[PDB]
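Contents: one structure, followed by commentary.
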Amino acid sequence: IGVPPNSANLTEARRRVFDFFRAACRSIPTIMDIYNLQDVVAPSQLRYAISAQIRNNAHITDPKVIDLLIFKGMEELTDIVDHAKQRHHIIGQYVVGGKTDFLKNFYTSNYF
Amino acid sequence: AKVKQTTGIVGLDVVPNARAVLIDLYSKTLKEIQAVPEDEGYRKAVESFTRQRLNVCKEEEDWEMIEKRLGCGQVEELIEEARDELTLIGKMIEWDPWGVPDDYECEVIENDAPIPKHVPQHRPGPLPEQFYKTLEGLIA
Amino acid sequence: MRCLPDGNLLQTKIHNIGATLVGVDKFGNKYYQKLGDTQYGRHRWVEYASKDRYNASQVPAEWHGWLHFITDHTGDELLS
Amino acid sequence: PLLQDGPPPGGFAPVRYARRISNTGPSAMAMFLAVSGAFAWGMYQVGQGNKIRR
Amino acid sequence: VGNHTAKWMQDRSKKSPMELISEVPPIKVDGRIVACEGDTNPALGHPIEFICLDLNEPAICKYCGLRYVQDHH
Amino acid sequence: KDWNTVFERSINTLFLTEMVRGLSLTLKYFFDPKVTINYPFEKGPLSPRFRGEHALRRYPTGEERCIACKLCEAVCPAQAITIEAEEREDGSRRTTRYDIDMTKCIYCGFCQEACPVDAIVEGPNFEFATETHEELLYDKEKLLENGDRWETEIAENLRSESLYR
Amino acid sequence: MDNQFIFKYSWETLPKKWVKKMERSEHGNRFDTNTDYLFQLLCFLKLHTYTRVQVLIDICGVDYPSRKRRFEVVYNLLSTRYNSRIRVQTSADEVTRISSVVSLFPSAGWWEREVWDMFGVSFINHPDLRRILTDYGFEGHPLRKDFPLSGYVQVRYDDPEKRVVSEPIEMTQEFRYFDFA
Amino acid sequence: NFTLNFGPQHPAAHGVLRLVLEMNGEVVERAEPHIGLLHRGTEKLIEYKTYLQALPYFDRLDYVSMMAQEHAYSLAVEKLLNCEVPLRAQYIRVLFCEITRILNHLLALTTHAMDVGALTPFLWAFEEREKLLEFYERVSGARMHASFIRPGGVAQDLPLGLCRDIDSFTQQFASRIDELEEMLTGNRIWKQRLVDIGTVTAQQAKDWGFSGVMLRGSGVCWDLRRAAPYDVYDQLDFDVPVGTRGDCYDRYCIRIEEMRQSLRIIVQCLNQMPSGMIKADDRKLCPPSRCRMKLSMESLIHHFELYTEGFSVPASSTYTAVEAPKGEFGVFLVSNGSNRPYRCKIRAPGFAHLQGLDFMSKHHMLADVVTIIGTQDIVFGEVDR
Ligand SMILES: CCCCCCCCCCCCCCCCCCCC(=O)O[C@H](COC(=O)CCCCCCCCCCCCCC)COP(=O)(O)OCCN
Ligand code: SF4
Ligand code: SF4
Ligand SMILES: [Zn+2]
């Protein structure tokens with residue numbers, strides 16, 4: 001319940017990561033119901049987005065940074081579930097549901 | 001000698017046998033403090049004020065005389081403080097914070113910028129003489 | 001006859017009984033006083049020229065201070 | 001200027017700040033006696049009225 | 001009527017402040033210096049400004065735009 | 001404790017004796033005169049210090065008092081004042097733009113305290129509610145119209161208050 | 001119990017390794033301690049007969065971006081028994097959790113939530129550590145010096161969605177920074 | 001347990017009050033306030049203001065006790081500057097602080113009474129409130145957010161005739177207090193709604209950081225005006241009422257008595273009011289007179305400096321507290337030597353008091369929750385900042 005002490009090493013931090021990932025995935029049906037996503041996106045895409053977020057930070061080696069990331073992820077999950085702010089194609093911070101990029105940006109504006 | 005009807009403090013029950021309770025608590029304290037190294041200032045301070053209070057309690061049979069000579073609140077509050085000191089003595093044995101580290105450094109600053117008379121300032125007044133006896137014994 | 005539907009105007013007509021006319025402004029608003037003590041001696045009020053469609057913003061500056069007890073000078077003395 | 005808002009010479013008249021005691025009010029026996037006597041005499045009158053109605 | 005006044009004044013019924021101040025004739029002074037406060041009561045005007053009248057052209061108070069000239073020379 | 005005191009307590013409880021006093025002094029106020037003000041024919045009292053709608057003032061010659069020193073803009077706690085200025089055609093230091101966002105302003109009067117020439121003031125008007133937000137974005141010409149409309153009262157109040165500030 | 005007695009007695013009685021810095025000043029007696037001794041120091045001050053620091057008045061953070069440990073956490077405490085005030089401070093960074101003092105002072109619960117919300121400092125053994133002041137789903141810690149005054153997002157009613165929604169900010173008139181230095 | 005989500009979106013019960021309660025029938029098992037609905041970033045805004053521009057933020061924290069927070073902030077700035085305030089200004093400050101205390105207590109008592117169904121005392125008390133608002137407006141030109149008390153003293157001197165009108169108010173206020181009391185104090189329904197409701201022990205009050213009436217109701221004799229006096233409070237006679245039961249009824253009685261003692265203090269301030277300056281004479285921190293600035297260079301320069309850059313405060317930090325009507329109101333001010341506060345932490349008593357709602361309301365009826373909220377005297381401007 002209470003905020004745990006910082007992970008002593010990468011093994012226990014990885015264990016906390018796995019626990020957070022399980023808790024996030026198990027809450028997917030509740031999120032699908034709350035945001036009415038049955039005809040918008042598959043549950044596996046939500047799982048895939050969560051896992052991709054975990055993977056993009058796979059280079060972190062400091063257990064304290066991992067603990068902080070897990071705490072922030074838990075808070076964001078709690079706000080998504082308990083205090084949902086429905087938009088359409090967007091849940092929280094994730095979008096749900098022949099020329100190079102330079103030319104497009106140049107046509108857009110002078111600030112890239 | 002008359003029994004106290006109220007302490008006037010909500011939740012602070014009257015203790016009619018406050019003298020015996022205080023004597024037992026102080027004796028317990030003077031025993032349990034011996035687990036602290038003799039050189040530690042905490043031990044000397046506790047022994048000093050605990051012995052003074054215990055002597056006052058032993059001499060005076062009327063709790064009103066104990067409250068008057070001590071200058072420290074009702075006997076019920078003196079009991080709260082004694083129990084808290086015993087609790088603190090237990091935590092401190094367990095923490096074992098004693099001794100001085102090898103590369104111990106400590107910065108003292110005595111900032112003397114004055115403040116106006118009119119701004120809020122705590123001016124409690126002088127403590128009972130035992131506090132100063134305890135302090136001077138600690139310094140010496 | 002405006003008294004029957006407009007009760008706000010009726011209260012002014014009633015309390016005008018026995019009042020002293022202090023002055024009239026350029027819009028025709030009439031200013032009255034009593035010199036008694038009911039609302040701690042505050043007995044200044046204005047009867048607007050338009051018995052319908054009266055509005056508080058129709059009080060000119062020279063009389064606004066007198067009406068709000070800001071000054072004891074009437075609109076006439078200020079204008080002079 | 002040299003004139004500031006303040007108390008008059010001698011200060012202001014003293015003002016009370018403590019509660020004032022109003023009054024005890026009607027006596028208890030008096031209320032018990034009035035109610036009891038009204039009950040007894042009125043029930044006697046109820047009997048008289050019932051006899052007349054009959 | 002100028003470009004400065006046209007930035008804010010969109011009503012031409014009244015004269016602009018620039019024309020109004022220009023219509024006030026210069027105040028004649030006995031002397032080569034005059035102090036302007038912008039009001040008969042100095043506390044209700046502008047900070048006191050001392051103006052030299054050595055030039056033939058009327059001298060302008062930089063706070064209220066009042067103009068002063070030497071009466072004799 | 002005693003039959004008399006127990007009886008007196010019982011009667012008082014049964015006969016609601018203490019409820020009578022509240023009824024009585026509620027009824028006393030029923031016949032007294034009322035304190036209600038018959039707005040808009042009658043108004044509440046205000047003082048010469050009252051901080052109402054801002055206004056820009058002129059000298060009696062018609063010249064603007066404001067010299068675009070920008071002190072009011074600097075001090076404004078709400079950043080509700082926006083000024084632009086330049087040399088006028090006759091060389092005068094004058095505003096080209098003087099805006100007050102009446103919806104940012106906190107009506108604190110700091111601008112009036114800061115002004116060195118009594119140009120900007122909070123006048124006595126408080127009845128200026130509008131139907132649109134844009135009408136509450138006052139520009140320089142509107143403020144000068146306010147000053148022309150309220151000049152006599154503003155000057156009287158300034159005469160009154162010059163002995164304190 | 002004056003600030004001369006508190007300074008001298010605390011020097012004589014406290015374990016030495018608890019206090020790194022001691023200031024005596026009319027601005028307040030101040031003790032600086034490492035994060036690992038904060039809890040024990042506060043428990044000592046609360047329980048000890050000659051201090052009886054029973055009231056935790058508040059906890060607040062201060063951001064110092066030029067410091068390796070940028071956050072300073074300040075504990076303002078009061079002894080109604082001796083009519084005296086004490087300030088105890090410790091430093092912290094963005095990832096290092098410090099001990100909660102809720103078990104010592106129940107009043108700390110919300111003040112710790114506030115420190116976490118405003119600055120991002122986390123508290124070990126805090127029973128319920130979530131944001132308390134900001135909007136749900138808020139990102140960032142507004143009282144950090146690098147957090148912009150107007151933030152990053154604003155809200156408005158969106159008729160097509162029939163709801164209030166959040167978008168990146170757009171300022172009609174930007175905040176003007178007046179540098180008088 | 002079922003969960004009742006109570007948010008009164010109206011000033012009947014605060015207005016941004018939001019409560020999640022767990023109930024066992026009509027019995028409250030746990031009360032969880034949700035706050036931040038009035039969090040406006042005051043502490044962040046202040047860091048972008050000069051010390052003078054920051055002052056109006058303090059009127060808007062406990063916006064029923066405006067001048068008290070003004071006073072606390074001024075005192076903190078004076079403390080860091082080592083600035084000496086003239087005696088007349090000290091007396092005016094205390095006089096206005098006690099007027100504010102009366103304004104706060106009238107509002108708190110009668111809004112609580114209206115919440116538990118007594119309608120008339122609200123109207124009766126708000127007329128007296130209107131008279132006191134008139135004193136605010138006569139000195140500052142504002143009914144509520146005066147920004148009148150400032151570092152160094154007060155913005156302006158009293159207008160002629162104000163002291164006489166205040167004396168006239170004091171001559172009749174005791175009867176108004178008596179009327180409120182006879183409406184409430186002895187009434188059996190009022191006692192049944194307040195006696196043994198929200199009991200607080202002295203240990204609980206200390207543990208949860210309670211102050212003011214919330215602390216004195218539990219028998220703890222503690223008032224900052226006597227414990228850590230400021231301005232001219234040490235020259236004034238007044239009593240500190242303390243409770244014996246620690247419940248809502250004791251706190252109601254304490255607030256009534258505090259109004260009586262405030263009346264006493266006001267009378268003393270009126271009689272002891274001295275002549276002289278209302279602003280500190282140090283010409284590096286206070287505005288010159290209008291006539292001086294229009295006549296003297298040094299004065300003009302100082303006026304320009306003061307209203308553009310503001311004064312500097314030497315690098316330091318301190319905590320300053322006053323006995324606000326709602327309890328201990330404190331400011332932790334950090335200065336870095338510049339003309340803007342580096343950090344301004346505001347310590348609001350309502351924050352501690354509302355945190356205590358869970359333990360206070362445990363095992364009480366649903367209808368007692370509003371009673372306990374009323375006895376705490378919560379204003380969310382200071383809770384949320
Ligand atoms: C021409 C004028 C006509 C007027 C007609 C209407 C009169 C006005 C009625 C309205 C008065 C105000 C109403 C608001 C009060 C409502 C609250 C009532 C509370 C209540 O009932 O309390 C009970 C006692 O009252 C009671 O019990 C009430 C019933 C009393 C009946 C009396 C019974 C014995 C009388 C003696 C008879 C002996 C003679 C015959 C042999 C005891 O409950 P509690 O919890 O409040 O306790 C605390 C006691 N402090
Ligand atoms: S009243 Fe205050 S906030 Fe409004 S424009 Fe004037 S200085 Fe700025
Ligand atoms: S209104 Fe006054 S303070 Fe503001 S720019 Fe004009 S002269 Fe300066
Ligand atoms: Zn001029």
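Following the order of the structure tokens, first chain is A, next is B, and so on, with residues numbered from 1 inside each chain and ligands from 1 in the order they appear.
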
Practice prompt. Name each residue within 9 Å of ligand 2, counting only C-alpha atoms and all ligand atoms, as a PyMOL selection string.
Written response: chain F and resi 51-54+72-81+100-114+120-122

How would the residues just chosen look if you wrote them out with C-alpha atoms as a compact mmCIF listing (two decimals), in the first residue's frame?
```txt
# COMPACT_ATOMS: atom_id res chain seq x y z
CA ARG F 51 -12.28 52.10 -6.85
CA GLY F 52 -14.59 51.79 -9.85
CA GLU F 53 -14.33 52.06 -13.63
CA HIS F 54 -10.98 53.46 -14.83
CA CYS F 72 0.88 52.14 -14.62
CA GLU F 73 1.66 49.37 -17.11
CA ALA F 74 4.71 48.34 -15.07
CA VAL F 75 2.99 48.23 -11.67
CA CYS F 76 -0.26 46.57 -12.79
CA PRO F 77 -0.45 43.25 -10.86
CA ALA F 78 -2.75 41.74 -13.50
CA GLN F 79 -0.88 42.97 -16.62
CA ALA F 80 -4.17 44.43 -17.83
CA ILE F 81 -2.68 47.65 -19.34
CA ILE F 100 -7.12 48.17 -20.26
CA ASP F 101 -8.56 44.66 -20.26
CA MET F 102 -11.43 45.13 -17.79
CA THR F 103 -11.63 41.32 -17.46
CA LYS F 104 -7.97 40.97 -16.33
CA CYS F 105 -8.05 43.99 -14.01
CA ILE F 106 -8.42 43.37 -10.28
CA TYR F 107 -9.56 46.96 -9.53
CA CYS F 108 -6.72 47.47 -7.04
CA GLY F 109 -6.04 51.13 -7.81
CA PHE F 110 -2.21 50.63 -8.11
CA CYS F 111 -2.25 52.30 -11.53
CA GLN F 112 -3.84 55.44 -10.07
CA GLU F 113 -1.23 55.46 -7.27
CA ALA F 114 1.62 55.05 -9.73
CA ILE F 120 -5.44 57.39 -15.07
CA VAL F 121 -7.95 57.10 -12.23
CA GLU F 122 -10.55 54.65 -11.02
```

Fill in: 6 Å shell around ligand 4 using only C-alpha atoms and all ligand atoms, listed as an MDAnalysis selection string
chainID E and resid 36:38 61 63:64 66

Item to complete: Compile the contact shell of stretch 25-39 of chain B as an MDAnalysis selection string: residues with an atom at most 8 Å away, counting only C-alpha atoms, same-chain residues fewer than 3 positions apart removed.
Response: chainID B and resid 21:22 43:44 46:47 50:51 53:54 79 82:83 85:86 89 93 98

Closest-contact table, chain E side, partner chain F, 8 Å, counting only C-alpha atoms, as a Markdown table:
```
| residue | atom | partner | partner_atom | distance |
| --- | --- | --- | --- | --- |
| E:2 | CA | F:89 | CA | 7.0 |
| E:4 | CA | F:88 | CA | 5.8 |
| E:5 | CA | F:96 | CA | 6.9 |
| E:7 | CA | F:96 | CA | 5.7 |
| E:8 | CA | F:96 | CA | 6.0 |
| E:9 | CA | F:141 | CA | 6.0 |
| E:10 | CA | F:141 | CA | 7.8 |
| E:17 | CA | F:63 | CA | 4.6 |
| E:18 | CA | F:63 | CA | 6.8 |
| E:20 | CA | F:62 | CA | 5.8 |
| E:21 | CA | F:63 | CA | 5.5 |
| E:24 | CA | F:61 | CA | 7.3 |
| E:38 | CA | F:59 | CA | 7.7 |
| E:43 | CA | F:162 | CA | 7.4 |
| E:44 | CA | F:118 | CA | 7.2 |
| E:45 | CA | F:117 | CA | 6.1 |
| E:46 | CA | F:117 | CA | 4.7 |
| E:47 | CA | F:117 | CA | 7.2 |
| E:62 | CA | F:92 | CA | 6.7 |
| E:63 | CA | F:67 | CA | 6.8 |
| E:64 | CA | F:65 | CA | 6.6 |
| E:65 | CA | F:63 | CA | 7.2 |
```

Item to complete: Set the cut-off to 6 Å, count only C-alpha atoms and all ligand atoms, and list whatever residues fall near ligand 1 as a PyMOL selection string.
Response: (chain D and resi 35-36+39) or (chain F and resi 13-16) or (chain H and resi 188)

Chain B near chain G within 6 Å: what's each residue's closest atom pair and its distance in Å to one decimal, counting only C-alpha atoms, ordered by chain then ascending residue number, as CSV?
```
residue,atom,partner,partner_atom,distance
B:41,CA,G:13,CA,4.6
B:42,CA,G:13,CA,4.6
B:81,CA,G:49,CA,5.7
B:84,CA,G:47,CA,5.3
B:85,CA,G:48,CA,5.7
B:106,CA,G:20,CA,4.9
B:107,CA,G:21,CA,4.8
B:108,CA,G:22,CA,5.0
B:109,CA,G:23,CA,4.5
B:110,CA,G:24,CA,4.7
B:111,CA,G:25,CA,4.7
B:112,CA,G:25,CA,5.8
B:124,CA,G:83,CA,5.7
```

Fill in: Residue contacts of stretch 9-11 of chain F (12 Å, only C-alpha atoms) excluding same-chain residues fewer than 2 positions away, as a count of residues only
22

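DSSP annotation of chain D from backbone atoms: alpha helix (DSSP H) residues are residues 28, 29, 30, 31, 32, 33, 34, 35, 36, 37, 38, 39, 40, 41, 42, 43, 44, 45, 46, 47, 48, 49, 50, 51, 52 and 53 of chain D.
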
Can you write out the residues you just picked, keeping N, CA and C atoms, as an mmCIF file, in the first residue's frame?
```
data_model
loop_
_atom_site.group_PDB
_atom_site.id
_atom_site.type_symbol
_atom_site.label_atom_id
_atom_site.label_comp_id
_atom_site.auth_asym_id
_atom_site.auth_seq_id
_atom_site.Cartn_x
_atom_site.Cartn_y
_atom_site.Cartn_z
ATOM 1 N N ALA D 28 -43.008 27.442 36.578
ATOM 2 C CA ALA D 28 -43.400 26.073 36.178
ATOM 3 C C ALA D 28 -44.713 25.670 36.847
ATOM 4 N N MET D 29 -44.809 25.804 38.172
ATOM 5 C CA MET D 29 -46.069 25.476 38.886
ATOM 6 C C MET D 29 -47.233 26.218 38.219
ATOM 7 N N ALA D 30 -47.071 27.501 37.909
ATOM 8 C CA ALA D 30 -48.116 28.334 37.261
ATOM 9 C C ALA D 30 -48.604 27.699 35.963
ATOM 10 N N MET D 31 -47.670 27.225 35.153
ATOM 11 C CA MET D 31 -48.046 26.589 33.877
ATOM 12 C C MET D 31 -48.688 25.239 34.189
ATOM 13 N N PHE D 32 -48.093 24.442 35.083
ATOM 14 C CA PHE D 32 -48.745 23.163 35.468
ATOM 15 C C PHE D 32 -50.144 23.462 36.020
ATOM 16 N N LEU D 33 -50.287 24.490 36.857
ATOM 17 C CA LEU D 33 -51.585 24.728 37.482
ATOM 18 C C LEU D 33 -52.603 25.228 36.467
ATOM 19 N N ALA D 34 -52.185 26.124 35.570
ATOM 20 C CA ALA D 34 -53.098 26.625 34.550
ATOM 21 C C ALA D 34 -53.590 25.494 33.653
ATOM 22 N N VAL D 35 -52.676 24.637 33.193
ATOM 23 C CA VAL D 35 -53.051 23.536 32.312
ATOM 24 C C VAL D 35 -53.954 22.546 33.037
ATOM 25 N N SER D 36 -53.616 22.194 34.282
ATOM 26 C CA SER D 36 -54.430 21.239 35.031
ATOM 27 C C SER D 36 -55.824 21.789 35.322
ATOM 28 N N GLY D 37 -55.911 23.048 35.754
ATOM 29 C CA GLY D 37 -57.211 23.634 36.028
ATOM 30 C C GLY D 37 -58.046 23.785 34.774
ATOM 31 N N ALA D 38 -57.415 24.197 33.671
ATOM 32 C CA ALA D 38 -58.125 24.277 32.403
ATOM 33 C C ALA D 38 -58.631 22.908 31.982
ATOM 34 N N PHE D 39 -57.817 21.865 32.157
ATOM 35 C CA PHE D 39 -58.267 20.518 31.825
ATOM 36 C C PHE D 39 -59.487 20.128 32.651
ATOM 37 N N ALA D 40 -59.416 20.304 33.972
ATOM 38 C CA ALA D 40 -60.517 19.862 34.826
ATOM 39 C C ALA D 40 -61.803 20.627 34.517
ATOM 40 N N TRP D 41 -61.731 21.960 34.540
ATOM 41 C CA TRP D 41 -62.926 22.766 34.318
ATOM 42 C C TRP D 41 -63.453 22.602 32.896
ATOM 43 N N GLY D 42 -62.558 22.522 31.907
ATOM 44 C CA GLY D 42 -62.993 22.353 30.536
ATOM 45 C C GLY D 42 -63.649 21.012 30.282
ATOM 46 N N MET D 43 -63.154 19.947 30.921
ATOM 47 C CA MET D 43 -63.808 18.652 30.766
ATOM 48 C C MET D 43 -65.184 18.656 31.425
ATOM 49 N N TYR D 44 -65.314 19.345 32.563
ATOM 50 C CA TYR D 44 -66.645 19.543 33.135
ATOM 51 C C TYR D 44 -67.561 20.264 32.144
ATOM 52 N N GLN D 45 -67.034 21.289 31.472
ATOM 53 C CA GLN D 45 -67.825 22.018 30.481
ATOM 54 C C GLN D 45 -68.175 21.138 29.284
ATOM 55 N N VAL D 46 -67.254 20.261 28.880
ATOM 56 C CA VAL D 46 -67.539 19.300 27.817
ATOM 57 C C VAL D 46 -68.718 18.424 28.209
ATOM 58 N N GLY D 47 -68.742 17.970 29.462
ATOM 59 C CA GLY D 47 -69.884 17.200 29.934
ATOM 60 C C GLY D 47 -71.188 17.977 29.873
ATOM 61 N N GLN D 48 -71.161 19.239 30.311
ATOM 62 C CA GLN D 48 -72.361 20.077 30.240
ATOM 63 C C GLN D 48 -72.851 20.230 28.800
ATOM 64 N N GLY D 49 -71.927 20.530 27.884
ATOM 65 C CA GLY D 49 -72.295 20.667 26.486
ATOM 66 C C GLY D 49 -72.859 19.387 25.904
ATOM 67 N N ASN D 50 -72.276 18.244 26.276
ATOM 68 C CA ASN D 50 -72.788 16.963 25.802
ATOM 69 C C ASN D 50 -74.206 16.722 26.303
ATOM 70 N N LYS D 51 -74.478 17.077 27.560
ATOM 71 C CA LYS D 51 -75.835 16.939 28.084
ATOM 72 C C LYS D 51 -76.823 17.790 27.289
ATOM 73 N N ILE D 52 -76.446 19.034 26.987
ATOM 74 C CA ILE D 52 -77.340 19.913 26.230
ATOM 75 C C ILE D 52 -77.572 19.365 24.821
ATOM 76 N N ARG D 53 -76.499 18.923 24.156
ATOM 77 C CA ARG D 53 -76.635 18.339 22.822
ATOM 78 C C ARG D 53 -77.557 17.128 22.850
#
```

Discussion item. For a quick test of understanding: name the residues of chain C lying within 9 Å of chain F when counting only C-alpha atoms, and present them as a PyMOL selection string.
Written reply: chain C and resi 8-9+11-12+38-39+42-48+54-57+60-65+67-71+78-79

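The two atoms in question, atom CA of residue B:16 and atom CA of residue B:68, are spaced 16.7 Å apart.
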
Worksheet item: When you draw a straight line from atom CA of residue H:369 to atom CA of residue H:197, how long is it in Å?
Response: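 Atom-to-atom, atom CA of residue H:369 to atom CA of residue H:197, that is 9.4 Å.
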